[PDB]
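# Summary of structural features
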Amino acid sequence: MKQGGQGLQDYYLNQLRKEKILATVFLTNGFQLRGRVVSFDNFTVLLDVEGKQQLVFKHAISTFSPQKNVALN
Amino acid sequence: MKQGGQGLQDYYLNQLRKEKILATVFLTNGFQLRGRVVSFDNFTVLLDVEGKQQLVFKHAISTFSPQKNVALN
Amino acid sequence: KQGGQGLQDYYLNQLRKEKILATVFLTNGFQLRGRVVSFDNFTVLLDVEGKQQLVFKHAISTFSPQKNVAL
Amino acid sequence: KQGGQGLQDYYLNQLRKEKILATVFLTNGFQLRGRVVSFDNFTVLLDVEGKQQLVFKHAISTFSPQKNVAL
Amino acid sequence: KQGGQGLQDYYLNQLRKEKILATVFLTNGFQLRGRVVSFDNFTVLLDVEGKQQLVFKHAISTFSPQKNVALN
Amino acid sequence: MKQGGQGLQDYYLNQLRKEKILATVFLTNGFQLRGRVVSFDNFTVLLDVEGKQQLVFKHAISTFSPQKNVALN
RNA sequence: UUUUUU
């Protein structure tokens, strides 16, 4: 079910989507996006930026900065 | 069939291609392209920018920003 | 054949067969205009005005051809 | 255990257990100073002054810790 | 040989065997002019005027050789 | 044993560690570090920079420039 | 750690 050693990432990205937490996604190119996590697979993350969809590649993502801290285990 | 854990990206890029949606493609190098998806494999995306083809490597792609939101599941 | 790179293996081959001239945009903003001689999974051999150019795919951003490739 | 991530899995864990303070240099020149909360194969979760920061490893350049880690 | 890095393993080999001098353009704009001593899957060992240079392939952008390499 | 086709890199970094050779490590982001290799696994290199430890990811490293040339085979 | 999450 789970897959070896991306527990932390799949969990974190899941809660942000589930808990509708707002986050600032920092891209590597200095650009940033503020919005909510709609969905994600292994290589991409779908964002909702004010009603608009944003398909972002993980290799372009630098940091996830959430407005609310996510509870861990 | 054949998948892996890359459901979200393969479905999304196909719909953009199927629905002939116009999208703004931001590259990692800051450059951007506005056009429509013709085809894609694992590593490249073929784009139609004003009638002209553009073979873009996914590792150069940062975000897909579509004029129309793509239907999900 | 190898799954999930039909499109790239096809496209780069056509540029090579039909001797299409292309502008190769690198990620670092640099660009090269030339013709595809050969390519394998990680590199592209380019012919830039008689000069050979071995380019790594991770450095390539976009392929912009003078002539569109048949689909 | 997993072949040849001995050094990294040990190092990042010690930073987390001993709560060593570290400056994380990103590839884009930006930096973050904080403590390791958790990490998997692709991400490192940081605590920057009470605020969480999910950082992708491909964006990280260097880990510079306030205290040297015992080997 | 191994799976579809034919072109690269051959080219880097000829440059080393035939001692052709090449300019290596790095991604960060930096460049190095020298000769290929050795290489494995992730690194290239370079000779820049007697000095060794271990370059990671992910940092390499382009190989520009002084002499064109025959092909097959 | 265990290898793959990364012969040249594992041998070289080991000798730098074994021979305690001083090296200038150029990062992709232009930064430099002068120090000695303490240890390395597949993705990271632990450096000794003026007595201080530096965990550097290989993907950030561009070139290893050693004060002494390292013996090969 | 050399072609889309170390």
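As a numbering rule, every chain is indexed from 1 in the order its sequence is written, which need not reproduce the entry's residue numbers; residues that lack coordinates are not presented. Both sets of labels track the order of writing: A upward for chains, 1 upward for ligands. Working from all heavy atoms in the structure, the side-chain values ignore hydrogens and water. Residues with missing side-chain atoms are left out of burial classes, side-chain pairs and their counts.

Structure determination for this PDB entry was carried out by X-ray crystallography, with a resolution of 3.1000 Å recorded in the header.

Glancing now at the protein's contact with RNA strand G. The nearness test applies per residue and asks whether one of its heavy atoms lies within 4 Å of the molecule or strand. Lining the immediate surroundings of RNA strand G are 41 residues, of which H59(A), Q5(C), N41(C), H58(C) and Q8(E) lie closest. Near-protein atoms of RNA strand G (within 4 Å) split between backbone and bases, with sugar and phosphate holding 47%. In the model, a base oxygen of RNA strand G is placed 2.8 Å from a nitrogen or oxygen of the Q5(E) side chain. Any pair of nitrogen or oxygen atoms within 3.5 Å is treated as a polar contact; in protein, a donor-acceptor pairing is required on top of that, and neighbouring residues in sequence qualify only through side-chain atoms on both sides. Note that a base oxygen of RNA strand G is positioned 3.0 Å from one of the side-chain N or O atoms of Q6(F).

Attention now moves to the interface of chain D and chain F. Contact definition: two residues touch when any of their heavy atoms are within 4.5 Å. Every contact between the two is made by 22 residues of chain D and, on the other side, 20 residues of chain F. Strands here are runs of E lasting at least two residues and helices are runs of H or I lasting at least four, both read from the DSSP assignment and numbered beginning at the N terminus. For the side of chain D that touches chain F, the elements supplying multiple residues, two or more each, are α1 (6-17) and β5 (60-65) of chain D. Residue contributions to the side of chain D that touches chain F peak at six residues, all from β5(D). In this scheme, strands are said to pair when DSSP sees at least two bridges between them. Two elements, β5(D) and strand β4 (residues 52-57) of chain F, share two bridges in a ladder whose sense is antiparallel. Directly across from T62(D), in β4(F), lies its bridge partner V56(F).

At the junction of the two partners, chain E supplies 21 residues and chain C supplies 19 residues. Interface area, chain E with chain C, both sides summed: about 1700 Å², of which 55% is carbon and sulfur. Basic side-chain nitrogens of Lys or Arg form a salt bridge, by our definition, when they fall within 4 Å of a carboxyl oxygen of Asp or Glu. The interface formed by chain E and chain C includes zero salt bridges. At the junction of chain E and chain C, the tally comes to 12 residue pairs in polar contact. At the level of secondary structure, the elements contributing two or more residues to the side of chain E that touches chain C comprise α1 (6-17) and β5 (60-65) of chain E. Summed over both partners, the accessible area (1.4 Å probe) lost when two parts come together is defined as the buried area.

Once that is clear, we can look at the packing of aromatic side chains. For this analysis, a ring pair means two rings from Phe, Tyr or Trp (six-membered ring only for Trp) whose centres lie within 6.5 Å, classed as stacked if their planes differ by under 30 degrees, edge-to-face if by over 60, and tilted for the remaining angles. Per the stated rule, a full pass over the model turns up seven aromatic pairs over all chains. Each ring, one from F56(E) and one from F64(F), has its centre 6.2 Å from the other, and the planes form 55°; the classification is tilted. Residue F56(E) is located in strand β4 (residues 51-56), and its partner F64(F) is located in strand β5 (residues 61-66); the two belong to separate chains. With a 1.4 Å probe rolled over the protein chains alone, any residue whose accessible area is under 20% of its type maximum counts as buried; one over 50% counts as exposed, and the rest are partly exposed. Note on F56(E): relative accessible area 2%, which makes it buried. Here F64(F) falls in the buried class, since its relative accessible area comes to 0%.

A separate point is the pairing of strand β5 (residues 61-66) of chain B. β5(B) sits mainly inside the fold: six of its six residues count as buried. As judged from the two bridges shared by strand β4 (residues 52-57) of chain A and β5(B), these two strands associate in the antiparallel manner. Paired with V56(A) across the strands is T63(B), a residue of β5(B). Relative to β5(B), strand β1 (residues 22-27) of chain B is paired through five bridges, and the arrangement is antiparallel. By the bridge assignment, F26(B) is partnered in β5(B) with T63(B).

All names here are of chain D. Most of strand β1 (residues 22-26) is tucked away: four of the five residues are buried. Sheet topology places β1 next to β5; five bridges connect them, and they run antiparallel. Each residue of the ladder has a partner; that of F25, found in β5, is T62. Here β1 runs beside strand β2 (residues 31-39); their pairing, made up of four bridges, is antiparallel. By the bridge assignment for β2, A22 is matched with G34. Counted along the chain from β1 to the antiparallel partner β2, the turn is four residues long, and its residue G29 has a positive phi close to 90°.

Okay, the side chain of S64(D) next. If you trace the backbone, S64(D) turns up in strand β5. A distance of 2.9 Å separates the side chain of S64(D) from the side chain of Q54(F), its partner in a polar contact. Setting aside chain neighbours within four positions, we find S64(D) in contact with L21(D), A22(D), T23(D), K52(F) and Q54(F).

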